[PDB]
Amino acid sequence: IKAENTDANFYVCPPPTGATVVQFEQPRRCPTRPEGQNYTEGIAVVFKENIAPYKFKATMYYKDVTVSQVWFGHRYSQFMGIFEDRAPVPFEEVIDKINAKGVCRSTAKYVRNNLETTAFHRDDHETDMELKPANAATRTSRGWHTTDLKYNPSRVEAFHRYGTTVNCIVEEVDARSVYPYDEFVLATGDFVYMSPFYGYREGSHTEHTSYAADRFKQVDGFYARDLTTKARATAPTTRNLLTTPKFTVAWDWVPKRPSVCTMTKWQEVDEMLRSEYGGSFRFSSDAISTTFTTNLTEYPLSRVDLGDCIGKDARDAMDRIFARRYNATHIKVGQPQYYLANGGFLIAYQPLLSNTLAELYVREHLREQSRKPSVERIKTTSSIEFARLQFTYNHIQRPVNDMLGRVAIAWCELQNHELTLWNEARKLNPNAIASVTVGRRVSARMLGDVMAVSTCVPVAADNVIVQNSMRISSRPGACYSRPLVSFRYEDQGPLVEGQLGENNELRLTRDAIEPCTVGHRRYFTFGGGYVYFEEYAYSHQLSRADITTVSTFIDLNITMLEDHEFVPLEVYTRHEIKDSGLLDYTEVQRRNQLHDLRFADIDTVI
Amino acid sequence: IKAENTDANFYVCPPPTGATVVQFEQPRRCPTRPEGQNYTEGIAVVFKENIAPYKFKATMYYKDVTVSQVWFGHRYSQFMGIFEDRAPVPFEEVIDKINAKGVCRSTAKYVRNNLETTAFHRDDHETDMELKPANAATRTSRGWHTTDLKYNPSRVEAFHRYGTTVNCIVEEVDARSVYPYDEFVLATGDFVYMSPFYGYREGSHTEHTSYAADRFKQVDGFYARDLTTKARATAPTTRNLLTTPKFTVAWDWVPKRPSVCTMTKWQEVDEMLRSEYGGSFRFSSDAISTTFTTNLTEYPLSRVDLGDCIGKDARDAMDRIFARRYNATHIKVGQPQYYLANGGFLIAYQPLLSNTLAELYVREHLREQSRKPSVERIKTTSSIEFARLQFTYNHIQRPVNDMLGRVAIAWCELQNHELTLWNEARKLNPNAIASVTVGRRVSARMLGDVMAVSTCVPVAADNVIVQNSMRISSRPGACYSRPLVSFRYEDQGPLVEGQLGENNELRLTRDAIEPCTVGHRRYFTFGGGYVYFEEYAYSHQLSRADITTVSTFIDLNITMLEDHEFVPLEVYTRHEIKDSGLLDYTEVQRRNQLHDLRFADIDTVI
Amino acid sequence: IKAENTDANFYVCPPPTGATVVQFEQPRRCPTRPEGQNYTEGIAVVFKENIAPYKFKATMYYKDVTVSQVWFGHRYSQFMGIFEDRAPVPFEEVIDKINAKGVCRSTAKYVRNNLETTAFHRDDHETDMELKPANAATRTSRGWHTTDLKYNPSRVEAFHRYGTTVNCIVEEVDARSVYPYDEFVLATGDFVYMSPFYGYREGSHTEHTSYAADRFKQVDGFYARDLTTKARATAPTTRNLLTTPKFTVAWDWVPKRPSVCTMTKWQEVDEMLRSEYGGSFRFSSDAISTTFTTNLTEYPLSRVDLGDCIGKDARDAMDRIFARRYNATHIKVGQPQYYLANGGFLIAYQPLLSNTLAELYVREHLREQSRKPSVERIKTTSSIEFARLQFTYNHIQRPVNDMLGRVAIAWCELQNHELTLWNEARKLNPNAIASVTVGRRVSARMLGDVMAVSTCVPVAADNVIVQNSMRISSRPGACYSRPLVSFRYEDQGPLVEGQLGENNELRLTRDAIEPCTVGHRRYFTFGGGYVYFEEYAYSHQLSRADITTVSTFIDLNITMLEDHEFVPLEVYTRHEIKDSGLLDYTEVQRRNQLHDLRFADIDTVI
């Protein structure tokens with residue numbers, strides 16, 4: 001049956017090719033300590049430029065060619081070679097054989113390091129073949145292939161003999177560049193360092209390049225050939241064809257598309273505390289818990305594009321801050337004040353003062369704006385409690401800023417604590433880590449010390465269909481890891497086989513097994529509920545709020561009996577050990593690493 | 001052995017064996033974005049639907065058979081069969097051979113392939129065998145076995161030759177029905193699907209039936225032979241005997257045991273705002289962090305039972321909340337309101353009102369009570385401050401509600417972080433995670449994405465005895481991993497063999513070996529103290545205050561111990577590398593997995 | 001390239017051994033909310049005895065010997081032995097061959113099998129050898145060794161054939177006796193008793209000995225020859241020598257080194273509450289997260305040594321606390337009062353009063369110092385209101401105490417929330433755990449249920465070089481997984497081979513290979529930024545001033561590159577699944593076991 005638990009739409013999890021420019025920054029030293037660094041409270045809005053990730057679509061053009069140095073001995077066959085290589089599809093195969101025809105020859109005539117080389121299909125000659133959707137062309141902006149074969153050259157022994165195979169790959173994919181637009185990403189796992197807007201039109205070819213004009217072939221008037229149709233489409237596209245050393249990329253060309261007003265605010269933070277310390281303005285935000293330790297001077301509208309737009313932005317920002325929380329809570333201090341953290345972090349900072357000691361407006365005004373870049377006839381200031389309450393201001397400055405430092409280092413340790421927590425979190429499930437941190441459905445994975453970022457093909461909780469056959473026995477009795485599922489993009493989507501992943505993840509896996517431990521009784525997150533299989537067969541579903549339908553309740557003292565039946569045996573059934581027998585998943589690992597210790601010992605005399 | 005510091009009793013790792021499958025709420029969806037919804041605050045009290053597990057005792061009965069279809073070669077032999085099957089011990093063997101005799105024949109007689117096959121013991125015929133303790137326990141009325149090994153027939157080659165072995169299995173258990181009492185969980189590992197009050201008397205035919213009338217023999221007034229004494233130690237018991245298709249249950253029969261207050265006060269949350277939104281109200285709890293999107297109308301005391309006791313419980317809860325935090329803090333706003341969060345959460349909610357512009361009593365409750373389910377002259381109202389204060393009501397409500405929304409966003413993101421955290425936390429240690437989230441000392445394990453529960457027995461240390469020398473001698477060089485213990489369920493119980501798990505855990509199995517790591521010096525929590533084994537030999541315990549728990553005059557950061565060369569295997573040996581040195585469990589896995597790379601099973605010509 | 005992202009200093013990975021000095025404690029059950037009470041608000045000041053552990057230098061002396069009992073049969077050669085030992089260099093060879101010469105014979109004369117055996121070099125007679133400094137000439141005090149030499153006995157088959165080799169080792173290192181000074185711990189991973197102040201003079205003889213005076217060799221005016229140069233150094237020094245059973249220690253000797261003032265303020269805790277409960281005072285701090293159950297009376301200046309300095313320090317702590325928060329926040333009542341949180345935690349207290357009923361000072365100081373260790377005249381308290389308010393004070397006591405208890409329980413969870421997780425945090429990150437609790441240091445590890453520490457590492461944090469060789473060919477073509485790095489202890493130190501673990505860490509190992517994931521593009525945490533290799537070829541660094549992290553402005557929610565076919569691909573190419581994903585990372589770890597889970601036997605004729 002198709003999925004019914006509509007309380008949570010599924011996640012497609014194909015391995016992503018991240019960038020990644022978003023990673024957990026290394027935690028920070030904890031901030032400054034005792035008194036006056038003229039700790040100054042105020043609302044800052046911190047900005048950077050817009051990175052303008054121009055999006056479009058392109059298509060990849062190459063031909064993977066493989067040769068098998070089969071080793072024909074006496075009666076035996078060593079594959080002394082099965083070598084495969086991507087080889088850039090020529091402009092001509094695109095224009096005619098693909099764009100006009102939609103096919104690719106069973107021979108590939110390709111470049112390889114200044115040497116033109118040909119490859120054929122099965123010790124025989126050329127044949128155009130249709131680009132059926134590639135192997136693993138699903139789950140992505142599709143690709144198209146021709147076969148899934150390997151050929152063995154006709155048998156002649158006592159010599160390394162080579163059998164050939166040629167296949168085409170022409171693939172519609174999505175594409176992302178960014179300002180400063182001298183680069184772009186490729187939706188197969190590739191990147192090219194050339195300016196995205198480089199077509200010969202409008203002078204956008206005068207824009208950056210990092211390559212020569214011997215592989216860029218701009219067909220304006222091109223006809224976008226839908227590779228799901230292998231047939232042309234709507235009014236002519238300007239497809240640029242960059243014949244890379246491995247493929248060709250054809251893409252809609254567009255003008256340079258600059259970005260103004262590019263300055264885009266990181267954050268508004270009212271809890272913006274100034275520490276004039278270490279020859280530096282130390283801006284502490286407890287909203288994001290960062291001390292930008294920047295230069296003293298200010299940052300002008302001149303070092304940015306249209307500083308007036310950001311002036312509007314920040315004025316409205318600070319208004320939203322104050323009016324909502326501080327109608328009668330603080331007093332505006334001076335102007336917003338602009339500070340550059342290297343890497344272009346802009347701080348616009350309207351200092352604020354607490355209503356403590358309300359007698360010091362015009363005066364603490366001056367004293368703390370001091371940092372932007374006998375016989376007598378009484379002549380005291382019109383209320384010497386101006387000066388008196390200034391001395392009291394300095395007094396208060398002492399404990400107030402001391403408290404600020406203390407609570408700020410509290411914030412420091414809190415955030416530095418959780419930083420590594422989230423490191424281990426993305427170690428666990430970076431898909432979920434994204435589905436929270438950006439909050440959206442996503443395909444992710446951990447690339448060592450960096451992550452892989454993407455978004456997956458949509459599947460709601462009605463397109464997937466669990467299988468009930470839950471084992472492979474060619475390897476005698478190997479039950480699959482997580483529910484085998486036939487699913488589809490839409491009702492017209494391709495019903496394709498994979499395994500469920502944890503929390504509605506849809507991995508294409510259809511070999512993901514592990515031994516069939518008797519005693520299998522497993523829930524699995526199924527849409528907005530759970531599937532449940534008993535001993536590798538489907539028992540039943542259960543909605544999330546339908547299993548006891550409460551959260552943190554109960555006692556909860558449930559008992560059980562001891563070492564039990566369900567008996568594959570010689571003594572004291574073993575298949576529950578094959579269900580992690582205490583063990584202690586972690587100790588499961590800690591014991592199975594004791595098995596390497598035996599891979600010898602058929603090879604010794606004493 | 002009892003330690004110098006033992007206040008932590010010892011919870012000796014009995015993993016669940018079968019039931020149960022307790023479910024766990026998914027991370028609640030994190031909230032929305034901008035303002036107005038009425039957001040009307042006050043106390044909520046959620047009732048749960050009285051669900052309760054009935055508890056009583058039962059006992060299980062089945063003979064298993066093992067057969068050896070040996071094929072004998074010339075002097076060699078293949079086991080063309082070692083087959084083990086289970087057979088419910090029928091009514092009569094319980095009544096006589098068990099209740100009257102406590103003994104079990106050496107033949108097991110059971111249907112198989114639709115044919116009743118008999119099995120003997122040792123190719124020799126029926127013989128009643130003592131129920132010998134299949135284990136040693138103190139909690140769920142443990143059971144008894146009869147044999148350990150299987151038999152092989154004489155040598156007759158070139159034809160499948162068969163030798164037989166029969167075993168009996170009789171084991172008492174605790175039994176846990178659950179409201180609404182139609183099926184019940186067991187202790188051995190099976191689940192039975194009959195009503196608990198089901199039987200033959202007091203209209204128990206109306207009780208949930210899902211089994212035929214040929215296996216259930218309600219032999220009541222029928223003595224239960226205490227087989228921990230192998231003797232009837234009871235009044236003649238109300239036993240019901242279901243010869244289930246795989247086993248036999250004999251259990252106390254009880255009248256129908258329902259209870260009367262259908263809703264049970266499950267939660268209280270003073271942070272209860274009505275977010276008037278989405279064709280609905282959303283009861284938003286910033287104490288247990290929910291937003292139930294319930295209809296505007298309320299669940300009546302009519303469509304659930306006892307609409308008075310529940311209401312009184314809620315009234316008392318609300319009075320408690322008020323008196324505990326609001327003797328003069330908020331305003332009694334309207335009546336409480338009694339909504340069904342789908343699946344059966346009862347939400348009784350007495351609204352509140354802060355003293356923010358406290359000059360709107362008679363009206364504003366009135367106002368929000370909107371949401372439970374020619375010649376001329378001057379005539380002003382009695383105090384148009386009514387209308388002025390209502391204008392202000394709306395206008396301050398707006399940003400107030402926004403602030404509530406945002407603090408709730410913080411609420412949700414935090415809770416959803418923590419959920420995923422606990423996921424891997426229980427995958428590391430479900431014992432600790434569960435046992436503390438519940439308070440009970442229990443043993444849990446992974447059923448895919450949920451937990452299985454079994455309560456551990458807090459024992460004293462002296463029952464448990466870590467031996468001094470630990471190592472496996474299969475091949476020289478493997479000193480056991482976790483502290484081998486001779487322990488006792490009772491004070492004078494059987495000292496049985498297991499291994500100490502982490503921190504009063506006792507992994508019952510003993511196969512966990514490790515490098516006899518030359519320089520191995522490891523503590524393990526022993527009560528409130530720590531046991532020491534230097535190179536897998538016991539020195540001493542140390543209290544946690546002697547191993548120097550958290551300090552401040554240290555950290556200040558004086559240096560500590562460090563390590564240098566030793567004299568196996570030039571510069572120092574591998575014995576310590578394999579002691580999970582560093583390692584770094586993550587590093588442990590990432591390296592040790594490379595043993596596929598450390599695997600070469602191929603020796604051919606190329 | 002040398003380490004240039006040194007916005008984070010780099011740290012080599014040493015082998016840690018710990019106690020630990022700031023040790024993980026276990027979460028605890030937390031007691032009563034409402035009952036036995038009159039919580040005592042006010043400061044406490046916990047003292048803990050500063051032992052002031054002695055830190056100084058020493059030197060280890062031994063000769064590691066090896067004898068190979070090769071097994072020479074027909075023509076083949078098994079090793080019926082490679083026997084490897086440390087023989088303590090005699091105090092004499094230190095005196096002259098090492099301190100006067102710096103040399104030491106190729107032979108060690110030491111007991112084995114209760115037989116004073118000899119060990120020579122290469123089946124020929126004795127010769128002196130030079131102690132060339134090892135890698136242990138750094139990372140502690142200096143150290144000296146010889147090259148990795150081994151000899152195989154002459155060829156005489158059909159008899160156990162024996163060949164010898166002996167290598168000398170002198171290793172000065174850093175040493176830590178800890179007060180109460182009956183002992184001292186070593187830099188090699190060794191402990192010994194017999195307090196190091198065992199010199200004959202100053203009366204230090206009474207200072208603890210655990211070992212007979214047979215091997216205490218006090219040579220005053222005994223310099224330590226610079227063994228990096230075999231030249232006199234360390235102007236003649238009071239060196240005491242213990243020819244331990246494995247080595248000899250030579251260490252500077254000092255007077256007793258007392259530790260007054262021992263008892264030292266652990267912390268000053270503002271929020272402190274006394275629940276006079278369970279026949280005890282329970283001191284609760286939601287200010288430093290503790291719940292001790294301490295003694296009721298006051299630990300006098302007498303029951304511990306020198307308790308006056310403590311009193312001064314506590315006066316200081318208390319006045320600082322008041323001034324920092326309580327100029328007008330609470331009411332002082334009562335003295336400081338001592339309390340023994342057993343295990344050696346002192347608790348001075350200065351009780352407070354909330355400003356609730358600010359009129360009852362004179363009364364309340366009495367009422368709660370009650371718990372330290374007709375013609376009528378209206379005769380009331382000075383104002384009967386005092387007797388009036390004393391009433392509600394009681395009726396204030398419990399509910400307040402209730403809240404006091406109540407909130408604490410919340411705190412309880414929070415505290416009890418995270419303890420074990422920190423333990424699991426190290427399971428990934430002794431790096432992070434140490435760089436937080438230690439602060440900048442690294443290298444902890446898990447010895448059973450205890451932590452292990454090493455804080456000495458001197459690093460040329462500028463000289464760290466990721467190798468541009470990214471493979472091993474032993475397993476033909478195995479790309480190394482973690483960044484191989486040439487580094488050095490000092491700016492001119494030897495660039496030595498190791499592997500760049502995460503975050504400024506250089507493990508001494510280089511074996512971590514992997515199958516070359518085509519398309520490899522990997523950062524690894526490299527100090528002030530990351531290192532990047534592109535398909536196992538150095539791409540570039542990136543400092544952390546330019547690469548994003550989770551924030552608001554332009555999303556930063558988009559998809560990135562997707563994976564597709566590459567050219568190792570028939571189906572499921574190994575090289576790329578290497579990148580920790582198919583999956584379901586945890587299932588990655590699981591299938592990592594699947595390999596033993598399908599094969600250990602090759603053949604058997606059924």
# chains A, B, ... in the order shown; residues from 1 in each chain; ligands from 1
>>> interface_residues(of="chain C", to="chain B", cutoff="7 Å", atoms="only C-alpha atoms", output="JSON list (two decimals) with N, CA, C and O atoms, in the first residue's frame")
[["chain", "number", "residue", "atom", "x", "y", "z"],
["C", 15, "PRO", "N", 50.21, 10.09, 24.65],
["C", 15, "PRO", "CA", 49.39, 9.10, 25.36],
["C", 15, "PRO", "C", 49.00, 9.61, 26.73],
["C", 15, "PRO", "O", 49.87, 9.89, 27.57],
["C", 16, "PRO", "N", 47.71, 9.74, 27.01],
["C", 16, "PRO", "CA", 47.28, 10.25, 28.31],
["C", 16, "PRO", "C", 47.01, 9.20, 29.37],
["C", 16, "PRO", "O", 46.53, 8.11, 29.07],
["C", 17, "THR", "N", 47.30, 9.54, 30.63],
["C", 17, "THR", "CA", 46.86, 8.79, 31.80],
["C", 17, "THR", "C", 46.37, 9.75, 32.88],
["C", 17, "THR", "O", 47.01, 10.77, 33.17],
["C", 18, "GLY", "N", 45.22, 9.43, 33.47],
["C", 18, "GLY", "CA", 44.53, 10.37, 34.33],
["C", 18, "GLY", "C", 43.99, 9.76, 35.61],
["C", 18, "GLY", "O", 44.16, 8.57, 35.90],
["C", 19, "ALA", "N", 43.33, 10.60, 36.40],
["C", 19, "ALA", "CA", 42.82, 10.22, 37.71],
["C", 19, "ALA", "C", 41.30, 10.25, 37.81],
["C", 19, "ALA", "O", 40.71, 9.25, 38.23],
["C", 20, "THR", "N", 40.61, 11.35, 37.46],
["C", 20, "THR", "CA", 41.14, 12.58, 36.89],
["C", 20, "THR", "C", 40.94, 13.74, 37.85],
["C", 20, "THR", "O", 40.05, 13.70, 38.69],
["C", 21, "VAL", "N", 41.77, 14.78, 37.70],
["C", 21, "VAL", "CA", 41.86, 15.86, 38.68],
["C", 21, "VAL", "C", 40.58, 16.68, 38.77],
["C", 21, "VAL", "O", 40.24, 17.17, 39.86],
["C", 22, "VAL", "N", 39.86, 16.86, 37.67],
["C", 22, "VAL", "CA", 38.54, 17.48, 37.67],
["C", 22, "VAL", "C", 37.61, 16.46, 37.03],
["C", 22, "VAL", "O", 37.44, 16.45, 35.80],
["C", 23, "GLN", "N", 37.04, 15.59, 37.85],
["C", 23, "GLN", "CA", 36.52, 14.34, 37.33],
["C", 23, "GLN", "C", 35.00, 14.38, 37.20],
["C", 23, "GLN", "O", 34.29, 14.99, 38.00],
["C", 24, "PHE", "N", 34.55, 13.71, 36.15],
["C", 24, "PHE", "CA", 33.15, 13.43, 35.91],
["C", 24, "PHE", "C", 32.53, 12.75, 37.12],
["C", 24, "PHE", "O", 33.01, 11.71, 37.58],
["C", 25, "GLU", "N", 31.48, 13.36, 37.67],
["C", 25, "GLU", "CA", 30.68, 12.64, 38.64],
["C", 25, "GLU", "C", 29.40, 12.14, 37.97],
["C", 25, "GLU", "O", 29.13, 12.42, 36.80],
["C", 50, "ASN", "N", 43.84, 22.55, 49.23],
["C", 50, "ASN", "CA", 44.91, 22.57, 48.26],
["C", 50, "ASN", "C", 46.02, 21.68, 48.79],
["C", 50, "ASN", "O", 46.58, 21.94, 49.86],
["C", 64, "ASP", "N", 66.86, -2.11, 27.60],
["C", 64, "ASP", "CA", 65.89, -3.04, 27.06],
["C", 64, "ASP", "C", 66.60, -4.10, 26.24],
["C", 64, "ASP", "O", 67.39, -3.80, 25.34],
["C", 84, "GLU", "N", 61.67, -9.59, 25.45],
["C", 84, "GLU", "CA", 61.88, -8.15, 25.47],
["C", 84, "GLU", "C", 61.63, -7.60, 26.87],
["C", 84, "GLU", "O", 60.54, -7.76, 27.43],
["C", 85, "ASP", "N", 62.64, -6.93, 27.43],
["C", 85, "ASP", "CA", 62.66, -6.60, 28.85],
["C", 85, "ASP", "C", 63.32, -5.25, 29.08],
["C", 85, "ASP", "O", 64.15, -4.81, 28.30],
["C", 86, "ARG", "N", 62.95, -4.60, 30.18],
["C", 86, "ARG", "CA", 63.70, -3.47, 30.71],
["C", 86, "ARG", "C", 64.45, -3.92, 31.96],
["C", 86, "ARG", "O", 63.83, -4.39, 32.92],
["C", 148, "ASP", "N", 66.85, 1.09, 16.13],
["C", 148, "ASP", "CA", 66.07, -0.14, 16.21],
["C", 148, "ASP", "C", 66.91, -1.28, 15.64],
["C", 148, "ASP", "O", 66.83, -1.58, 14.45],
["C", 185, "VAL", "N", 54.34, 10.32, 41.03],
["C", 185, "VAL", "CA", 53.91, 9.73, 39.77],
["C", 185, "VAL", "C", 54.85, 10.20, 38.67],
["C", 185, "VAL", "O", 55.47, 11.27, 38.78],
["C", 186, "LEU", "N", 54.93, 9.42, 37.60],
["C", 186, "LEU", "CA", 55.99, 9.53, 36.61],
["C", 186, "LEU", "C", 55.40, 9.93, 35.27],
["C", 186, "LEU", "O", 54.18, 9.90, 35.07],
["C", 187, "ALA", "N", 56.28, 10.32, 34.35],
["C", 187, "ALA", "CA", 55.89, 10.78, 33.02],
["C", 187, "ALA", "C", 55.80, 9.64, 32.01],
["C", 187, "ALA", "O", 55.46, 9.88, 30.84],
["C", 188, "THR", "N", 56.10, 8.41, 32.42],
["C", 188, "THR", "CA", 56.05, 7.26, 31.53],
["C", 188, "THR", "C", 54.74, 6.50, 31.69],
["C", 188, "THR", "O", 54.40, 5.67, 30.84],
["C", 189, "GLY", "N", 53.96, 6.83, 32.71],
["C", 189, "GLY", "CA", 52.77, 6.05, 33.01],
["C", 189, "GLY", "C", 53.00, 5.11, 34.16],
["C", 189, "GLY", "O", 52.49, 3.98, 34.14],
["C", 266, "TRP", "N", 36.98, 26.17, 47.64],
["C", 266, "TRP", "CA", 36.61, 25.60, 46.36],
["C", 266, "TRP", "C", 35.87, 26.62, 45.51],
["C", 266, "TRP", "O", 36.30, 26.94, 44.40],
["C", 343, "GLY", "N", 33.85, 13.75, 52.56],
["C", 343, "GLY", "CA", 34.85, 13.63, 51.52],
["C", 343, "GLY", "C", 35.80, 14.81, 51.49],
["C", 343, "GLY", "O", 36.75, 14.81, 50.69],
["C", 399, "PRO", "N", 5.54, 27.27, 51.15],
["C", 399, "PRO", "CA", 5.35, 27.54, 49.71],
["C", 399, "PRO", "C", 6.59, 28.08, 49.04],
["C", 399, "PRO", "O", 7.02, 27.56, 48.00],
["C", 427, "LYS", "N", 34.14, 10.67, 24.03],
["C", 427, "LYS", "CA", 34.20, 9.52, 23.13],
["C", 427, "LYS", "C", 34.47, 9.95, 21.70],
["C", 427, "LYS", "O", 35.16, 9.25, 20.95],
["C", 428, "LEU", "N", 33.93, 11.10, 21.30],
["C", 428, "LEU", "CA", 34.50, 11.78, 20.14],
["C", 428, "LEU", "C", 35.68, 12.65, 20.54],
["C", 428, "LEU", "O", 36.74, 12.60, 19.90],
["C", 429, "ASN", "N", 35.54, 13.44, 21.60],
["C", 429, "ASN", "CA", 36.43, 14.58, 21.72],
["C", 429, "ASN", "C", 37.12, 14.71, 23.07],
["C", 429, "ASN", "O", 36.73, 15.55, 23.89],
["C", 438, "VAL", "N", 40.35, 21.51, 30.62],
["C", 438, "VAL", "CA", 41.75, 21.90, 30.68],
["C", 438, "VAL", "C", 41.95, 23.29, 30.12],
["C", 438, "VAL", "O", 42.60, 24.14, 30.74],
["C", 445, "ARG", "N", 41.60, 10.06, 27.29],
["C", 445, "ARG", "CA", 41.10, 8.79, 26.76],
["C", 445, "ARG", "C", 40.42, 7.98, 27.85],
["C", 445, "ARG", "O", 40.58, 8.25, 29.04],
["C", 447, "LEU", "N", 39.93, 4.82, 30.03],
["C", 447, "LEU", "CA", 40.44, 3.58, 30.63],
["C", 447, "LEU", "C", 39.34, 2.91, 31.45],
["C", 447, "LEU", "O", 39.31, 2.96, 32.68],
["C", 448, "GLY", "N", 38.43, 2.26, 30.74],
["C", 448, "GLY", "CA", 37.42, 1.48, 31.41],
["C", 448, "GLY", "C", 36.24, 2.34, 31.78],
["C", 448, "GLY", "O", 35.34, 2.57, 30.97],
["C", 449, "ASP", "N", 36.23, 2.83, 33.03],
["C", 449, "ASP", "CA", 35.28, 3.86, 33.44],
["C", 449, "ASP", "C", 35.98, 5.07, 34.05],
["C", 449, "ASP", "O", 35.40, 5.72, 34.92],
["C", 450, "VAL", "N", 37.20, 5.40, 33.61],
["C", 450, "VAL", "CA", 37.92, 6.55, 34.13],
["C", 450, "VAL", "C", 38.59, 7.26, 32.95],
["C", 450, "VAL", "O", 38.78, 6.69, 31.88],
["C", 453, "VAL", "N", 44.66, 11.64, 31.04],
["C", 453, "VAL", "CA", 45.06, 13.00, 30.69],
["C", 453, "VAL", "C", 46.57, 13.05, 30.45],
["C", 453, "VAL", "O", 47.34, 12.26, 30.99],
["C", 454, "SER", "N", 46.98, 13.98, 29.59],
["C", 454, "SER", "CA", 48.38, 14.30, 29.36],
["C", 454, "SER", "C", 48.49, 15.75, 28.90],
["C", 454, "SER", "O", 47.98, 16.11, 27.83],
["C", 455, "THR", "N", 49.15, 16.57, 29.71],
["C", 455, "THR", "CA", 49.24, 18.00, 29.43],
["C", 455, "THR", "C", 50.70, 18.45, 29.50],
["C", 455, "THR", "O", 51.12, 18.98, 30.53],
["C", 456, "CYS", "N", 51.45, 18.24, 28.41],
["C", 456, "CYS", "CA", 52.83, 18.72, 28.37],
["C", 456, "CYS", "C", 53.24, 19.28, 27.00],
["C", 456, "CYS", "O", 54.23, 20.01, 26.91],
["C", 512, "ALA", "N", 46.68, 5.33, 8.65],
["C", 512, "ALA", "CA", 45.27, 5.55, 8.36],
["C", 512, "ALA", "C", 45.11, 5.80, 6.86],
["C", 512, "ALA", "O", 45.17, 6.94, 6.40],
["C", 592, "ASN", "N", 29.73, -2.22, 8.59],
["C", 592, "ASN", "CA", 31.15, -2.43, 8.85],
["C", 592, "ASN", "C", 31.41, -3.74, 9.57],
["C", 592, "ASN", "O", 32.51, -4.27, 9.48],
["C", 606, "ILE", "N", 29.42, -31.04, 1.75],
["C", 606, "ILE", "CA", 28.19, -31.42, 2.42],
["C", 606, "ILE", "C", 27.92, -32.91, 2.26],
["C", 606, "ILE", "O", 28.51, -33.57, 1.40]]
>>> residues_around(residues="stretch 193-196 of chain B", least_positions_apart="6", cutoff="8 Å", atoms="only C-alpha atoms", output="list in words")
residues 54, 177, 181, 182, 183, 184, 207, 208, 209, 210, 211, 253 and 254 of chain B
>>> select_by_dssp(residues="stretch 311-542 of chain B", states="helix (DSSP H, G or I)", output="JSON, numbers by chain")
{"B": [311, 312, 313, 314, 315, 316, 317, 318, 319, 320, 321, 322, 323, 324, 325, 361, 362, 363, 364, 365, 366, 367, 368, 369, 370, 371, 385, 386, 387, 388, 389, 390, 391, 392, 393, 394, 395, 396, 397, 398, 399, 400, 401, 402, 403, 404, 405, 406, 407, 408, 409, 410, 411, 412, 413, 414, 415, 416, 417, 418, 419, 420, 421, 422, 423, 424, 425, 426, 427, 428, 430, 431, 432, 433, 434, 435, 436, 437, 438, 461, 462, 463]}
>>> atom_distance(atom1="atom CA of residue B:527", atom2="atom CA of residue C:419")
17.2 Å
>>> atom_distance(atom1="atom CA of residue A:381", atom2="atom CA of residue A:355")
21.7 Å
>>> residues_around(residues="residue B:303", least_positions_apart="4", cutoff="12 Å", atoms="only C-alpha atoms", output="ChimeraX atom specification")
/B:262-263,298-299,307,338-340,344,346
